[PDB]
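Peer 1: Can you read through this structure? Questions will come right after.
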Amino acid sequence: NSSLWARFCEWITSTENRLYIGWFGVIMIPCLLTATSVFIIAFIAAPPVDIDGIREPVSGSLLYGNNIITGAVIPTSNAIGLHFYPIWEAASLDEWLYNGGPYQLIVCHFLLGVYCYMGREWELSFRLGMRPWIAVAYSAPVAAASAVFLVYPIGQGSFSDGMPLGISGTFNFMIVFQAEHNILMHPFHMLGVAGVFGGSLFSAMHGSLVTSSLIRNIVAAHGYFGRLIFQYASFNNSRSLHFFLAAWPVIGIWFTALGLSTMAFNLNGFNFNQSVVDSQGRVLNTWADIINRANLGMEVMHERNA
Amino acid sequence: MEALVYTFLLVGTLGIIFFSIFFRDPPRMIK
Amino acid sequence: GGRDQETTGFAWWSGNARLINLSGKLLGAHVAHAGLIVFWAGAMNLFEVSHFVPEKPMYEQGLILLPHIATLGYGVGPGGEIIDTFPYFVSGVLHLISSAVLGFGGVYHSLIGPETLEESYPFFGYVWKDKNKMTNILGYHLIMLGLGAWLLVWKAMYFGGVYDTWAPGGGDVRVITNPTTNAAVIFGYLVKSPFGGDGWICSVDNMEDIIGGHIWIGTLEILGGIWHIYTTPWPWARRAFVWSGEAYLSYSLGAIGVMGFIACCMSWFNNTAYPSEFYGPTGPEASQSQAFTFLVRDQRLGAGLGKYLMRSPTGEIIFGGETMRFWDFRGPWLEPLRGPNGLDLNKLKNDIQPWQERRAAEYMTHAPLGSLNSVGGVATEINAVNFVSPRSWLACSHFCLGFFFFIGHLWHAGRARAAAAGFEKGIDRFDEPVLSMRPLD
Amino acid sequence: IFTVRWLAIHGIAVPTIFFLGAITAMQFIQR
Amino acid sequence: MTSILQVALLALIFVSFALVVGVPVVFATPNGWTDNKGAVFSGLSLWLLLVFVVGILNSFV
Amino acid sequence: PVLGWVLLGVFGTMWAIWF
Amino acid sequence: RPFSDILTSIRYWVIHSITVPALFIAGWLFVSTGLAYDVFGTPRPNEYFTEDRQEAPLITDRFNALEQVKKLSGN
Amino acid sequence: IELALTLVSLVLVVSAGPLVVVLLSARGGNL
Amino acid sequence: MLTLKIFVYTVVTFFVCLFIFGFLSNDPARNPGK
Amino acid sequence: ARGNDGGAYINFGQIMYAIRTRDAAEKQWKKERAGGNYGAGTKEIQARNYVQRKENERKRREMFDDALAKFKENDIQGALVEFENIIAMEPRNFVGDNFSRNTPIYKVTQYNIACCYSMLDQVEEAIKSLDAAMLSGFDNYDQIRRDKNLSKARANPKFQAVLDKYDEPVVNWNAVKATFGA
Amino acid sequence: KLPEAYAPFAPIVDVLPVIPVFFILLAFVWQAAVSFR
Ligand code: CLA
Ligand code: CLA
Ligand code: CLA
Ligand code: CLA
Ligand code: CLA
Ligand code: CLA
Ligand SMILES: CC1=C(/C=C/C(C)=C/C=C/C(C)=C/C=C/C=C(C)/C=C/C=C(C)/C=C/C2=C(C)CCCC2(C)C)C(C)(C)CCC1
Ligand SMILES: CC1=C(/C=C/C(C)=C/C=C/C(C)=C/C=C/C=C(C)/C=C/C=C(C)/C=C/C2=C(C)CCCC2(C)C)C(C)(C)CCC1
Ligand SMILES: CC1=C(/C=C/C(C)=C/C=C/C(C)=C/C=C/C=C(C)/C=C/C=C(C)/C=C/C2=C(C)CCCC2(C)C)C(C)(C)CCC1
Ligand SMILES: CC1=C(/C=C/C(C)=C/C=C/C(C)=C/C=C/C=C(C)/C=C/C=C(C)/C=C/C2=C(C)CCCC2(C)C)C(C)(C)CCC1
């Protein structure tokens, strides 16, 4: 009957599967599975990694005395830099582990997987005959992930600067990032915080209004909302309201990702240090100065010289 | 011994995810 | 005299989408936009030359266009000194006048003129679904780009030379006479890996390779334009592309976003097409300069080994400390001091020329670190230095622009394919594709 | 007309203009 | 001739200001471009010739 | 050159099956 | 009443035109004459470090707070 | 002195834009 | 480890060729109606 | 438009031939769709539609085989009737797994009708059927110009007009030759 | 810097760079007058 290629192609693009595969799933599925397996194995059991390249390894495996809240997959060593580090370039497997190669493996496969996941979202949207813009919404978290794992190491010149694949590792990354860069006092991070908080606000309010509407409607909910906070002609159409819901968080996350990426090239946030002075040029402190003191503490504290 | 407990909890969560994905509940009427 | 939402179907915020079919209006819009581009170019050039002092280095004043002209080798002496600033002024004025001409042309074609050019001018009028004349326009513009590249080549080889920063004893303008046309070396960069150590095409070193590559690309572009003018797409191409204005726009958006990312990386890392004398030192360059200057000052007072050099993983000598990540740096002021096994101790001890030390100190002073409100130093450093490196501005801006244009590719490509399929307006509610599928059990 | 709308608008606006003038003058204070 | 250059350049600015408002007015106004061929053509010609005049005077100095 | 050899092998295999 | 009526009204425009600038200038004068520096107790640039105390002030008192603030401030 | 000239030139130039629109609204244009 | 490198290159190139040929095999979008 | 039970409403084949030659059950689903609910009635409607589509495809394949057998017996008439029946009861809005937008047998049916009218003296309807086949995505263009059955259609210039509309020469030899000469 | 011959025209040069960003605002106000029909 039909050639083997014909049947196999029909199977991939078949829409009767429990989980759609598509032509983007051929690259997404193996990459994501590789990343998942390597991440799980490294998290559970992996030798300590010499992150700083000074023969002082950091242990982040679950078998080396870490919890779930403390375990992590330590990023590659500083000595490696931006160099490509597959298994077959390491001198030996122990050497590969000691320099944090699994982090590079996981990051690469994960990024490929997420990009192909966006593609797969689009392709199924096309197959079902709906408008193809869920991928654009998904591009925000993908952009943030790319900024954290790929762009920032490029800007800083090393892969040891990427976010560790852990929880306490995430907190350490954030604290050190604030120390080096005033992330808090950067307009794009402010836009990101506004986006997240507004997303929470809008989700809660929309859910409450819609739930209270369904009784066994839209006009009553709109009247209630208008009487509440003086907005009678705000988002009367359901389509406009749902577009606003989609747009606000996505724009916020786009801008915060761009802020992080720009900081990767050392374009820091606002710096109001000693901005206020009285006569005779004596410095009067402000809240920015206390933030500066905290940043100075964090900066000075992690500068582990040998 | 704590590593066993952590790993078992993670595996249990993954198993629940698998069950929810595949052994799904058929929709009822009205819903 | 534009259309309306009920007349066309596009809201006011989507106004420009009403020009998809009208040809004359679209052409006028494009010409006016080109006029805006050239106007900005000229105005910015004039502004920078008006706020410029030849005594200070060009990268301590926030200049991004004067460096571009300097790289071409206009009014520049050996080592990066400025001889005369007239070329910048003449370039700015010429751009401004040409922009005025373009603006008049665009305004004319947009306000008063044939909305559709196909009725009276069959040569210019077009329809998106047509494939022969779209390829004709593609070929014309390919020829124009090839002529531009060949103009650059001719300028480099004749009528002055480009600024080669790798000339001995500090760079100077030189007339390239033996550009490398070897195919293997030219395409090695394209096949070159993008990861560290290799850096795809950002690793170009000598201006000879740049000019040879431009020769090759100009020739290829002219040939491709000629080929496209006289050819129609083969069946496979017609079977694997969406042929409409929005689809072409989507392809352009994707390509230009990728090019934006490439420009970001090239500006951040490369130092031959962006000489440090004009754009300042790169990050790795600044770190290596700091380490080198510390070594030189230490050994001066004293008068791998010397507690400033170590062994790289491969096994050669590199600068030590935290700057071991930047051991791939290749600076003109430091190559003379590098041997087959990385750095060689003897040359460091004996033949450090004075000019290299001064350049290294100057680069050490101004590292690519800054603040959004134009405050130099690290973030925790107080308000004492006003400096943000031009490389940082260029890289950040063009990364952001590339990212937004990739988002644009996604959006417009999705919309184009949906519209071509025919279900862009929504689900028909009568025979929906999902209702004809087996339930998901 | 002295309905609630008038009172609310004036209560929000009069101090707003006062403060705007105060800040605009504040800009020019010699340091 | 420096003062001559300044005055000619100021006249060029003034005529440019006239053009950047009049020409869109001529185009947009219905049938306002057919009845003003000579006016706009003379304005453009004067603008171009004055540009060349300023350029050549700068060339002398 | 391992890359080149592998790509040549995979492309040839596919083409040969078809022919 | 409707927005358009008040927007195009004459009495509204005349009264607001004659009143608002007076209040803007009133705020300007409030800042400039130094009255704001006194009512709210904000020190002017010169009297931040009094001769008696050359460092930042500190209360360290609750019930006698008023007198201590009198002393710390330059009055 | 030069600062005031900058502001007056900016005011004239920025008003030159809306001037066309207002004249077309009065004189009559496509708009 | 040359064997591992060869195996990984083979798998990667196989999957990439599958991707490219699959996206070629599709037929252009068209609107049956209108 | 083909009716639910044979015939034709504005056999379908019998009527079309001469012209050219010259709620209760599916209510729960509606109520669920009125709200934003999936429910169960939607499931039974989906199952019914899927089984109907499968049965329709089966029937269309069988009657295509019937038309082929009629050709084997040299009966152009009933075979053409079957062909336009197949075309008449094609799904209204069909999106294939490979983004086809048309049932695969639709193209071959269009081509077979074009060939039938190529044998039959009347031609221009053969040109229209061939145009419909080309638009539907009859990707292979070789027997379009090689089949002896289509020589009669090839006589008319409109055949070449349509073929050039869909199959255009890749390279313009005339233009390059003229440029070389000049 | 800018040639002395054109020195008095420095302020206009300083003003030129910010002109183009006014065109989007011009389009917006033009729509406003037209009432976004
Ligand atoms: C890409 C931009 C573009 C395009 C496609 C067109 C296309 C057209 N224009 Mg428009 N026009 C443009 C730019 C453009 N013009 C500009 C910038 C101006 C301002 C000067 C005008 C002013 C203008 C007027 C006033 C008129 C047209 C007319 C026309 C039509 C007839 C062609 C013509 O002028 O005959 C001339 C064609 C020739 C081949 C003569 C020789 C021209 C040589 C080749 C000049 C080459 C210039 C060179 C390449 C410049 C390179 C600069 C580079 C460095 C950027 C045609 C539809 C006419 C028309 O019918 O109205 C719609 C008309 O009356 N145009
Ligand atoms: C730079 C970007 C750009 C460009 C080139 C255009 C160009 C165009 N638009 Mg689009 N548009 C834009 C941005 C842009 N627009 C934006 C941001 C919006 C959202 C507000 C719109 C919304 C929009 C709508 C809703 C519509 C257009 C339409 C049009 C076309 C006719 C408009 C018209 O008659 O103007 C008339 C303008 C006036 C009467 C007032 C301004 C007069 C002049 C031109 C102002 C500039 C003078 C200039 C500075 C001086 C030149 C001097 C020189 C000679 C030396 C024209 C091709 C229309 C069209 O053709 O669609 C079918 C249409 O319906 N546009
Ligand atoms: C990509 C192109 C580019 C690049 C690399 C630069 C780079 C630079 N410019 Mg140039 N400039 C540009 C485009 C560019 N500019 C354009 C288009 C204009 C015309 C408007 C100017 C006009 C201009 C002037 C007039 C001057 C400069 C100057 C400078 C320098 C200092 C900039 C500074 O202090 O940052 C300031 C940074 C900011 C104010 C932050 C802006 C951040 C972005 C743009 C905001 C984006 C909008 C917002 C996020 C959207 C909100 C969304 C909403 C949902 C909330 C720097 C070298 C100065 C200099 O030193 O020259 C000698 C100077 O005097 N530029
Ligand atoms: C004869 C066919 C032909 C030719 C030659 C062109 C040429 C051009 N078109 Mg295209 N166009 C055509 C047909 C053609 N078009 C048709 C049929 C249409 C459909 C109506 C269009 C629609 C169209 C649009 C919509 C647009 C163009 C644009 C352009 C210009 C882009 C210039 C640029 O940015 O280059 C970049 C590279 C360079 C400038 C380097 C090349 C340097 C020069 C040109 C070569 C050196 C030799 C030169 C002749 C000497 C110049 C001397 C001069 C200084 C006095 C270019 C001049 C764009 C534009 O902005 O036009 C102004 C634009 O937006 N065209
Ligand atoms: C921006 C300029 C431009 C644009 C838009 C196009 C656009 C097009 N060209 Mg032209 N072309 C150009 C420049 C350009 N070309 C130049 C400079 C040359 C001279 C070398 C040619 C020579 C040329 C020929 C000889 C042919 C085309 C063809 C085509 C069409 C098919 C798609 C395509 O190019 O293959 C893109 C590729 C695919 C869609 C399939 C994917 C195959 C692989 C993945 C990519 C191709 C190999 C790649 C170039 C090498 C690097 C591989 C790397 C990405 C892994 C399309 C209309 C073909 C056609 O039918 O037109 C007549 C054709 O036969 N072009
Ligand atoms: C040259 C590239 C290009 C071209 C020609 C077009 C052309 C078009 N687009 Mg596309 N688009 C592009 C790039 C492009 N776009 C990019 C890069 C993006 C991603 C951001 C989009 C996203 C996009 C969407 C989401 C939509 C369009 C739409 C449209 C159509 C109407 C334009 C419109 O909204 O009116 C004029 C536009 C406006 C008045 C909006 C301007 C408001 C912006 C946000 C202000 C930003 C200012 C700020 C300083 C920018 C710097 C930010 C900084 C952080 C970098 C038109 C066919 C619309 C449509 O109907 O599609 C058919 C539509 O819905 N486009
Ligand atoms: C259509 C329209 C539009 C747009 C448009 C445009 C974009 C246009 C452009 C235009 C343009 C773009 C124009 C330009 C012009 C220019 C000019 C007019 C110039 C002049 C010059 C001069 C005058 C100079 C002077 C000088 C010099 C020479 C240098 C230095 C010194 C001085 C400064 C003196 C819109 C969308 C908005 C809306 C609708 C309407
Ligand atoms: C000048 C220069 C140089 C060089 C240059 C060159 C050599 C270039 C080349 C270039 C090239 C060589 C390019 C290429 C490109 C390619 C591409 C870009 C591709 C793409 C693809 C795509 C896009 C696809 C798509 C698709 C598919 C896959 C199939 C079907 C479907 C679709 C269509 C979707 C040198 C270095 C010497 C020096 C420096 C500078
Ligand atoms: C002031 C100054 C100066 C100047 C000079 C001169 C002499 C200038 C001129 C200028 C000019 C004199 C300009 C012009 C421009 C033009 C343009 C920019 C055009 C364009 C065109 C186009 C673009 C076209 C296109 C087309 C046509 C129409 C044909 C065919 C088709 C086509 C589309 C291709 C001097 C050095 C003495 C001194 C310093 C300062
Ligand atoms: C180069 C030159 C020149 C030129 C100039 C020009 C070209 C100009 C243009 C100009 C313009 C073109 C302007 C425009 C303006 C506009 C405006 C000023 C607007 C405004 C608007 C607004 C403010 C709005 C608002 C609003 C809101 C708030 C929301 C949205 C919408 C609306 C409307 C409602 C001059 C003469 C300097 C000098 C000579 C040389």
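By order in the structure tokens, chains are A, B, ...; within a chain, residues start at 1; ligands start at 1, following the order shown.
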Could you list, as number ranges by chain, all protein and nucleic acid residues with an atom at most 9 Å from ligand 3, counting only C-alpha atoms and all ligand atoms?
Peer 2: A: 187-188, 191, 248, 251-252, 255; C: 40, 44, 47-49, 51-52, 61-64, 372-374, 388-398, 401; K: 14-22
Peer 1: Pick out the residues sitting within 12 Å of residue 20 in chain G, and hand them over as a ChimeraX atom specification; count only C-alpha atoms, and ignore anything fewer than 2 positions along from it in its own chain.
Peer 2: /D:10,13-18,20-21 /G:12-18,22-27
Peer 1: With N, CA, C and O atoms retained, could you export that selection as a compact mmCIF listing (two decimals), in the first residue's frame?
Peer 2:
# COMPACT_ATOMS: atom_id res chain seq x y z
N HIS D 10 -13.45 69.36 42.45
CA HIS D 10 -12.70 70.49 42.97
C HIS D 10 -11.76 70.07 44.10
O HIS D 10 -10.62 70.54 44.17
N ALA D 13 -8.83 68.62 42.45
CA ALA D 13 -8.10 69.47 41.51
C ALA D 13 -7.39 70.64 42.18
O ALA D 13 -6.23 70.91 41.86
N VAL D 14 -8.06 71.35 43.08
CA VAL D 14 -7.50 72.57 43.65
C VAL D 14 -6.16 72.27 44.31
O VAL D 14 -5.15 72.91 43.97
N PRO D 15 -6.08 71.30 45.23
CA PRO D 15 -4.77 70.96 45.78
C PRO D 15 -3.80 70.49 44.73
O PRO D 15 -2.59 70.72 44.86
N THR D 16 -4.28 69.82 43.68
CA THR D 16 -3.38 69.35 42.63
C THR D 16 -2.69 70.52 41.95
O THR D 16 -1.47 70.49 41.72
N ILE D 17 -3.44 71.57 41.62
CA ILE D 17 -2.83 72.72 40.97
C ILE D 17 -1.90 73.43 41.94
O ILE D 17 -0.81 73.89 41.56
N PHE D 18 -2.31 73.56 43.21
CA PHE D 18 -1.42 74.16 44.20
C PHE D 18 -0.09 73.43 44.25
O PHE D 18 0.98 74.05 44.20
N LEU D 20 1.25 71.42 42.00
CA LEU D 20 1.99 71.55 40.75
C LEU D 20 2.75 72.86 40.71
O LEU D 20 3.93 72.89 40.33
N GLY D 21 2.11 73.95 41.11
CA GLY D 21 2.81 75.22 41.19
C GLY D 21 3.95 75.18 42.18
O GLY D 21 5.04 75.70 41.92
N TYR G 12 -18.00 79.08 33.05
CA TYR G 12 -16.97 78.15 33.50
C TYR G 12 -15.59 78.60 33.03
O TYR G 12 -14.65 78.71 33.83
N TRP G 13 -15.46 78.88 31.73
CA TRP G 13 -14.16 79.24 31.19
C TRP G 13 -13.63 80.52 31.84
O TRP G 13 -12.47 80.58 32.24
N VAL G 14 -14.48 81.54 31.96
CA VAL G 14 -14.01 82.82 32.48
C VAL G 14 -13.60 82.68 33.95
O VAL G 14 -12.53 83.14 34.36
N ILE G 15 -14.44 82.03 34.76
CA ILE G 15 -14.13 81.93 36.18
C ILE G 15 -12.88 81.09 36.40
O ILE G 15 -12.00 81.44 37.20
N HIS G 16 -12.75 79.97 35.68
CA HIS G 16 -11.57 79.14 35.86
C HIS G 16 -10.31 79.83 35.36
O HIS G 16 -9.25 79.73 35.98
N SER G 17 -10.41 80.57 34.25
CA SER G 17 -9.26 81.30 33.75
C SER G 17 -8.81 82.36 34.74
O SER G 17 -7.60 82.55 34.95
N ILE G 18 -9.75 83.06 35.37
CA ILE G 18 -9.37 84.09 36.32
C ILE G 18 -8.94 83.52 37.67
O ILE G 18 -8.25 84.22 38.43
N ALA G 22 -4.14 82.38 39.55
CA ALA G 22 -3.91 82.96 40.86
C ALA G 22 -3.46 81.90 41.85
O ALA G 22 -2.54 82.13 42.64
N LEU G 23 -4.08 80.72 41.81
CA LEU G 23 -3.72 79.67 42.75
C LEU G 23 -2.36 79.06 42.42
O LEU G 23 -1.59 78.72 43.32
N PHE G 24 -2.05 78.93 41.13
CA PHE G 24 -0.71 78.47 40.74
C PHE G 24 0.35 79.42 41.28
O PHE G 24 1.36 78.98 41.87
N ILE G 25 0.15 80.72 41.10
CA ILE G 25 1.09 81.70 41.62
C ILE G 25 1.12 81.66 43.14
O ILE G 25 2.17 81.88 43.76
N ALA G 26 -0.02 81.39 43.78
CA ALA G 26 -0.04 81.27 45.23
C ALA G 26 0.86 80.14 45.70
O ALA G 26 1.62 80.31 46.66
N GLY G 27 0.79 78.99 45.04
CA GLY G 27 1.70 77.90 45.38
C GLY G 27 3.15 78.26 45.12
O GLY G 27 4.04 77.96 45.93
Peer 1: What do you get as a ChimeraX atom specification if you pick all residues at most 7 Å from ligand 5, counting only C-alpha atoms and all ligand atoms?
Peer 2: /C:135,138,142,220-221,223-225,227-228,231-234,237,240
Peer 1: Any idea which chain C residues end up within 9 Å of chain J if we count only C-alpha atoms, as a PyMOL selection string please?
Peer 2: chain C and resi 230-235+239+421+431-439
Peer 1: Selected residues, C-alpha atoms, written as a PDB file, in the first residue's frame, please.
Peer 2:
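So out-v1.pdb came out as:
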ATOM      1  CA  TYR C 230      15.240  36.553 -15.875  1.00  0.00           C
ATOM      2  CA  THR C 231      13.805  33.608 -13.917  1.00  0.00           C
ATOM      3  CA  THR C 232      10.568  32.472 -12.271  1.00  0.00           C
ATOM      4  CA  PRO C 233      10.495  30.280  -9.135  1.00  0.00           C
ATOM      5  CA  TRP C 234      10.754  26.552  -9.719  1.00  0.00           C
ATOM      6  CA  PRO C 235       7.737  24.418  -8.765  1.00  0.00           C
ATOM      7  CA  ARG C 239       4.979  24.819  -3.346  1.00  0.00           C
ATOM      8  CA  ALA C 421      -5.400  29.341   4.563  1.00  0.00           C
ATOM      9  CA  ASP C 431     -18.521  23.268  10.090  1.00  0.00           C
ATOM     10  CA  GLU C 432     -15.738  23.639  12.644  1.00  0.00           C
ATOM     11  CA  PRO C 433     -12.695  21.374  12.126  1.00  0.00           C
ATOM     12  CA  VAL C 434     -12.733  20.144  15.731  1.00  0.00           C
ATOM     13  CA  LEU C 435     -16.316  18.877  15.552  1.00  0.00           C
ATOM     14  CA  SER C 436     -15.202  16.413  12.844  1.00  0.00           C
ATOM     15  CA  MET C 437     -12.552  14.694  14.997  1.00  0.00           C
ATOM     16  CA  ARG C 438     -12.752  11.596  17.153  1.00  0.00           C
ATOM     17  CA  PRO C 439     -13.131  12.521  20.843  1.00  0.00           C
TER      18      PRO C 439
END
Peer 1: Please check the contacts: residues of chain F at most 10 Å away from chain I, using only C-alpha atoms, listed as number ranges by chain.
Peer 2: F: 2-3, 5-7, 9-11, 14
Peer 1: Next, dump the selected residues to file, keeping only N, CA and C atoms, as a PDB file, in the first residue's frame.
Peer 2:
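Below is the file result.pdb, written as the result:
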ATOM      1  N   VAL F   2      34.979  14.708  10.928  1.00  0.00           N
ATOM      2  CA  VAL F   2      33.932  13.715  11.298  1.00  0.00           C
ATOM      3  C   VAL F   2      32.574  14.261  10.849  1.00  0.00           C
ATOM      4  N   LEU F   3      32.321  15.552  11.067  1.00  0.00           N
ATOM      5  CA  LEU F   3      31.055  16.184  10.613  1.00  0.00           C
ATOM      6  C   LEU F   3      30.843  15.900   9.126  1.00  0.00           C
ATOM      7  N   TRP F   5      32.119  13.762   7.001  1.00  0.00           N
ATOM      8  CA  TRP F   5      31.918  12.331   6.671  1.00  0.00           C
ATOM      9  C   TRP F   5      30.498  11.919   7.062  1.00  0.00           C
ATOM     10  N   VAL F   6      30.081  12.205   8.298  1.00  0.00           N
ATOM     11  CA  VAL F   6      28.729  11.795   8.785  1.00  0.00           C
ATOM     12  C   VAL F   6      27.652  12.374   7.861  1.00  0.00           C
ATOM     13  N   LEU F   7      27.737  13.665   7.532  1.00  0.00           N
ATOM     14  CA  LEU F   7      26.666  14.280   6.706  1.00  0.00           C
ATOM     15  C   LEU F   7      26.634  13.578   5.346  1.00  0.00           C
ATOM     16  N   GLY F   9      27.540  10.571   4.557  1.00  0.00           N
ATOM     17  CA  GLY F   9      26.975   9.224   4.738  1.00  0.00           C
ATOM     18  C   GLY F   9      25.464   9.271   4.855  1.00  0.00           C
ATOM     19  N   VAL F  10      24.932  10.181   5.675  1.00  0.00           N
ATOM     20  CA  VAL F  10      23.456  10.211   5.900  1.00  0.00           C
ATOM     21  C   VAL F  10      22.765  10.638   4.601  1.00  0.00           C
ATOM     22  N   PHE F  11      23.299  11.645   3.910  1.00  0.00           N
ATOM     23  CA  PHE F  11      22.616  12.138   2.686  1.00  0.00           C
ATOM     24  C   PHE F  11      22.646  11.028   1.631  1.00  0.00           C
ATOM     25  N   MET F  14      20.101   8.261   2.364  1.00  0.00           N
ATOM     26  CA  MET F  14      18.701   8.626   2.028  1.00  0.00           C
ATOM     27  C   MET F  14      18.523   8.593   0.507  1.00  0.00           C
TER      28      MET F  14
END
Peer 1: Using only C-alpha atoms and a distance of at most 10 Å, pull out the residues of chain G that contact chain A, as a PyMOL selection string.
Peer 2: chain G and resi 44-49+56
Peer 1: Could you please select, counting only C-alpha atoms, the residues of chain A within 9 Å of chain J and state them as an mmCIF file with C-alpha atoms, in the first residue's frame?
Peer 2:
data_model
loop_
_atom_site.group_PDB
_atom_site.id
_atom_site.type_symbol
_atom_site.label_atom_id
_atom_site.label_comp_id
_atom_site.auth_asym_id
_atom_site.auth_seq_id
_atom_site.Cartn_x
_atom_site.Cartn_y
_atom_site.Cartn_z
ATOM 1 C CA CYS A 9 4.707 11.135 7.899
ATOM 2 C CA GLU A 10 0.966 10.653 8.373
ATOM 3 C CA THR A 13 1.198 14.910 11.559
ATOM 4 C CA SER A 14 -1.786 12.861 12.746
ATOM 5 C CA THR A 15 -4.120 14.718 15.097
ATOM 6 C CA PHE A 126 -2.866 26.200 12.311
ATOM 7 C CA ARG A 127 -4.003 22.576 12.129
ATOM 8 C CA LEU A 128 -7.100 23.259 14.237
ATOM 9 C CA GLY A 129 -8.042 26.309 12.163
#
Peer 1: If you run DSSP on the backbone, which residues of range 138-367 of chain C are strand (DSSP E or B), as a list in words?
Peer 2: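 Matching residues, listed in order: residues 162, 163, 164, 172, 173, 174, 196, 231, 309, 310, 311, 317, 318, 319, 338, 339, 342 and 343 of chain C.
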